[PDB]
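Quick one: structure below, then a few questions.
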Amino acid sequence: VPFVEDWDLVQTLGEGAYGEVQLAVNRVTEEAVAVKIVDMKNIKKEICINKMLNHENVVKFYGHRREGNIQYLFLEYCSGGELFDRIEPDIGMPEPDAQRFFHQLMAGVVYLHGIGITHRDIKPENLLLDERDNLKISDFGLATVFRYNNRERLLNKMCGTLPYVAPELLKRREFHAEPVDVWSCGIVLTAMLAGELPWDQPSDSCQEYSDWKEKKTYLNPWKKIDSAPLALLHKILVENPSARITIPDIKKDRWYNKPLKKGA
Ligand SMILES: CN1CCN(c2ccc(-c3cnc4[nH]c5cnc(C(=O)O)cc5c4c3)cc2)CC1
């Protein structure tokens, strides 16, 4: 079965910081793939990190090939698109659906953290869905190593997306990598259950963030969220990253372990 690496473009799937992502369809084998096209006239590091990854909740990397100035990355096509488009504005989605996606998100993040990688930009636009609605983490363009030879490195680079970034990234010179990813997962959960982001950024200058710190959960988005997931959010969206809930303890949370959804 030759000619297994000959692709035909069809649709613009999206645009990232470095370039655009297009759907490409194979020749003989009829495989569909996502191809990231960046005009280099950062992606080197993105490719290196992608080569480390192999997990059911991480978008698969197939390979790379450059042509002078234009770098191509070949990646798994997720026909369900972005989680972003499953979130209904001002509504969210059914709690059992949110719970399942959150379970899969945690699985993916545990995997990454276990191999010493932090994503640094978790948000619904970077969480894709395959044909069976399985959630897959994508876009490692801001990802980096925070643990190597069993030694943790503190981060200092401000990066990510403001509504999703943890407060310590705006307040402290250095910070631990893992609690930052945990925080963004909490913002994702909030979005799934409310169809709105709670604040522009987690700063003292942001009224909506002050309200949350004051425990005004009679306001939106919190009043739309049931007491059980809201109790989890209270543990995740903690300002002090050392007091913030860790993933092992998220996995013990009452809502996290609530039977909600029937199998397929
Ligand atoms: C209304 N439209 C519905 C469909 N939609 C959409 C459709 C497909 C994708 C899509 C599918 N597989 C994909 N596989 C990927 C691998 N890496 C990336 C990346 O940004 O790094 C991005 C992708 C990626 C994006 C993303 C969005 C775009 C909005």
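All residue numbers given for chain A refer to Swiss-Prot; the residues shown span 3-43, 51-273 in order.
Header lists the method as X-ray crystallography, 1.8 Å.
A Cβ is built for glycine as well, from the same backbone N, Cα and C atoms used for every other residue.
The ATP binding site feature in Swiss-Prot is assigned to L15, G16, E17, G18, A19, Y20, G21, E22, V23, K38; the stated evidence is sequence analysis. Taken from Swiss-Prot, the feature active site, proton acceptor covers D130. What Swiss-Prot records for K132 is ubiquitin cross-link.
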Just the recorded positions from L15, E17, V23, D130 whose C-beta lies under 6 Å from any atom of ligand 1, please, or none if there are none.
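Passing the 6 Å Cβ check against ligand 1: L15, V23.
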Taking the Cβ of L15 (ATP binding site) as the centre, how many other Cβ atoms fall within a 10 Å radius?
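Total other Cβ atoms inside 10 Å, all chains included: 18.
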Per DSSP, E17 (ATP binding site) is which: helix, strand or coil?
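Strand, per DSSP.
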Taking the Cβ of each of the binding-site residues and counting other Cβ atoms inside 10 Å, which one has the highest number: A19, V23?
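Most Cβ neighbours within 10 Å: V23.
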Taking just the CA atoms, what is the gap between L15 (ATP binding site) and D130 (active site, proton acceptor) in Å?
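Rounded to a whole number, the Cα-Cα distance is 19 Å.
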Would you count the other CB atoms within 10 A of the CB of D130 (active site, proton acceptor), including those on all shown protein chains?
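Result for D130 (active site, proton acceptor): 21 other Cβ atoms within 10 Å.
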Look up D130 (active site, proton acceptor) in the DSSP assignment and report helix, strand or coil.
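Reduced to three states, the DSSP call for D130 (active site, proton acceptor) is coil.
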Could you state, as a whole number of Å, the largest distance between Cα atoms of any two of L15, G16, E17, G18, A19, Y20, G21, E22, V23, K38, the listed ATP binders?
14
